[PDB]
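*Asks:* As a preliminary step, the opening chains of the complex are given here in situ:
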Amino acid sequence: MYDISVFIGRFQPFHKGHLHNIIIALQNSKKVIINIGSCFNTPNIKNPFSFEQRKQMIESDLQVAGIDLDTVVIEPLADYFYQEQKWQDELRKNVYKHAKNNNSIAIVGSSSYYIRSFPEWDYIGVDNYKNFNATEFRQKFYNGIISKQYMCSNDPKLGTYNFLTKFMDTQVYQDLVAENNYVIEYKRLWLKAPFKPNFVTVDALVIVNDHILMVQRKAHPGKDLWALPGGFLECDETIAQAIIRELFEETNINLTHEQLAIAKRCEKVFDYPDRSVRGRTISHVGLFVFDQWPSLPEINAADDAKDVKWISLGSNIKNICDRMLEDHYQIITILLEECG
């Protein structure tokens, strides 16, 4: 009937619930565009696999009962938690790429967001079976258990099953297990709270001669990832004070607090509920700009930073965009745009 079905998911991992929904869409349309959300990030516990691995996983799963691969296309989406129009444009870009000859288009499926966001397209609704829970799957996986009832295949050499089986031997699997054990122990310790906690953190975006100051993380979450210098707000300091305290603790930047105060452009809040794996963490980020300086200030890593670097804007920043903590690539992008 439709020329095109639009299908959006995380696929962390791809399962039978996904295969049956694609199948409903392929008997309602001639071609499916599968849009994988949350790409171009480093692996974390909620997002273990890359775009390429998930794309592969999907293809080799579809290639087993049935399915014509000529009727299927796969495109990536980045996260834009604070700039939803960008996300919308990017999805529209992915679709216009495959449907620009007045093709008939429907979104197969956050059912209300897609209905509000995309009036141009029809919404094919799908209620599934027993709740295929991606968290439950992943938590058993970091415990050594692939749940074969989720798997498209039954053969451990076929599909996601084979990918998941082999993945358990990788270094990335270990890192993720380590991160997950950290978070379980961290979350446990906080069940004491009379009320579920919001964490308040601070970060500093410091630009000197078109370089951004970044820290490589010594500890979980995001161990060995690059990040803005920052950490927890303390009960006795203002946000503005915490921003500078963490900056100096982690990087020992050779600037005075007065200089940084003159260089300060703004402070923004980042409050996407799932930005961090510890629990709900709101970050206040200060932007500091030195259009020019005789040189890059001296920096020395300390505390939870195992390294610190001045990294130039443009290509060098883009090249570590998938080696950064949490939403820090978005934060950098936003603050330089609007503050700026």
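*Replies:* Received the coordinates, thanks. Numbering: from 1, shown residues only, chains lettered A, B, ... in the order given.
*Asks:* Break down chain A into its strands, ranges please.
*Replies:* Taking DSSP state E, the strands of chain A run over residues A:2-9, A:29-39, A:72-78, A:105-108, A:122-124, A:198-208, A:211-217, A:226-227, A:230-232, A:264-270, A:280-290, A:305-312.
*Asks:* any chance of those in a markdown table, plus distance to residue A:324 and mean neighbour count?
*Replies:* The C-beta positions use only the backbone N, C-alpha and C, and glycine is treated the same way. Shown next, in a markdown table, are the strands of chain A (distance: least, Cβ to Cβ, whole Å; neighbours: other Cβ atoms under 10 Å):
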| stretch | distance to residue A:324 | mean neighbour count |
| --- | --- | --- |
| strand A:2-9 | 23 | 22 |
| strand A:29-39 | 14 | 20 |
| strand A:72-78 | 12 | 18 |
| strand A:105-108 | 30 | 22 |
| strand A:122-124 | 34 | 17 |
| strand A:198-208 | 12 | 21 |
| strand A:211-217 | 8 | 22 |
| strand A:226-227 | 5 | 22 |
| strand A:230-232 | 13 | 19 |
| strand A:264-270 | 14 | 16 |
| strand A:280-290 | 14 | 21 |
| strand A:305-312 | 11 | 17 |
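*Asks:* Dump those to TSV, plus distance to residue A:85.
*Replies:* Below are the strands of chain A laid out as TSV (distance: least, Cβ to Cβ, whole Å):
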stretch	distance to residue A:85
strand A:2-9	16
strand A:29-39	16
strand A:72-78	13
strand A:105-108	17
strand A:122-124	20
strand A:198-208	22
strand A:211-217	25
strand A:226-227	26
strand A:230-232	27
strand A:264-270	17
strand A:280-290	21
strand A:305-312	28
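*Asks:* And the longest helix along chain A, what's buried?
*Replies:* Ranked by residue count, the top helix of chain A under DSSP state H comes out as helix A:171-188. Buried residues in helix A:171-188, counting neighbours by 16 or more other Cβ atoms under 10 Å, are found at A:173, A:175, A:176, A:177, A:179, A:180, A:182, A:183.
*Asks:* next up, chain B:
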Amino acid sequence: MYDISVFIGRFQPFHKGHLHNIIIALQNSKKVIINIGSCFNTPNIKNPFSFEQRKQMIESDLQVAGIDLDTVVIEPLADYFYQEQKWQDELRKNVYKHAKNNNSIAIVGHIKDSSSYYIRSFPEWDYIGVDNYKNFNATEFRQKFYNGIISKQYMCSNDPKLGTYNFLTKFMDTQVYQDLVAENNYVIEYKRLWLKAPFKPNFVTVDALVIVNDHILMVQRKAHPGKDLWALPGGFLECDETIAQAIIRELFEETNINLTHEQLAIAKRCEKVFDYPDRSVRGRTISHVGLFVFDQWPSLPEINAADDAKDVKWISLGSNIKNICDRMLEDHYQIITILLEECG
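*Replies:* Let me add chain B to what's already shown:
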């Protein structure tokens, strides 16, 4: 030696440590100007007494001491947690209401914490460092006071019939006292729940300042802290919502304002963060507010009190707002002032 000395305190309440320091100020100057900090706020456990009450208390203790009251003047200072320049000027306005045409002026504060601040902000005035062994604990005194005990070693007067000591004896029979004790018990219990947590909490709240035809929407509080006070509508941020959503969710819950989500999204001017660490008695609470401006609107939307709001009212700017200025929750007066200047 100096014509004027300048002395700043909260005096919640005035005590022997304060007296001690005013005696030094007067060995070094001919007139001392006493500035009472945190004036014009409603009574809270940390600030139980009004400006007038503290003034009375100081005058009566200085008679007991007995310092000639012609050598003493008393002026109020409001709080400006977020507008440090309004405070510096307001002080200067206090000092020069009294010092005139080439008086030598000294500030007499603690050589320890607030030494730095006064040196920098008031270079025109000299400094007289004070502080002596004693460790007079303001908090320690109020806690015992909320348990029914006036600590004698704090009292300038040994006689319960006189001075601050008398004032506090009589104050203990009032309803305000009873409301302070109740707030205190609430706060002690609130904090007890949190003693176990691996880290001290920073609490996150939201408020909405909604202005329709120069009227602020304000709730009157059902629960602690600041019971029976007027506040911007607001409350705790939940874990599964953004701050933008929280601000609107709490607005509806407390006021049932007859406006739509898109109508408020259009009316929204800005959000501001309020993070003075001692702004709330519960523990460290940061607030994100929430400015919404409706101009030349056909009518004031319909509202009704629910959840922790027991009343809700449209309050016109200007006269009716300064009227309840000392009847507001925590720093909401300051928050309203700031959001009107910088966003509206």
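*Asks:* And for chain A, the residue most distant from the center?
*Replies:* residue A:294 (36.4 Å; Cα atoms, centre = their mean).
*Asks:* distance of it from residue B:133?
*Replies:* Taking Cβ to Cβ, to the nearest Å as the measure, residue A:294 falls 50 Å from residue B:133.
*Asks:* One more: residue A:274?
*Replies:* In terms of Cβ to Cβ, residue A:274 sits 53 Å off from residue B:133.
*Asks:* now swap in residue A:74 and tell me
*Replies:* 75 Å.
*Asks:* and residue A:101, how many neighbours?
*Replies:* 5 (other Cβ atoms under 10 Å in any protein chain shown).
*Asks:* can you list the residues of the stretch 151-300 of chain A near chain B?
*Replies:* Proximity of the stretch 151-300 of chain A to chain B is confined to A:189-190, A:192-200, A:232-239, A:267, A:269, A:271-273, A:279-280, A:282, A:284 under the rule Cβ under 8 Å from any Cβ of the partner chain.
*Asks:* and if we set it to 7 Å?
*Replies:* When proximity is defined as Cβ under 7 Å from any Cβ of the partner chain, the stretch 151-300 of chain A approaches chain B at A:189-190, A:192-194, A:196-198, A:200, A:233, A:235-236, A:238-239, A:269, A:271, A:273, A:280, A:282.
*Asks:* Now for the residue nearest to residue A:334 when sequence neighbours are not counted: which residues touch it?
*Replies:* Spatial nearest neighbour of residue A:334, excluding adjacent residues (Cβ to Cβ, 6 or more residues apart in numbering or on different chains): residue A:82 at 5.9 Å. Residue A:82 sits next to A:270, A:272, A:330, A:334 when contact means Cβ atoms under 7 Å, 6 or more residues apart in numbering or on different chains.
*Asks:* so which two of those residues are the farthest from each other?
*Replies:* Farthest apart among the contacts of residue A:82 by Cβ to Cβ are A:272 and A:334. That separation is 11.6 Å.
*Asks:* what about these two, which has more around it?
*Replies:* Neighbours per residue (other Cβ under 10 Å) separate residue A:272 from residue A:334, with residue A:334 holding more: 21 against 18.
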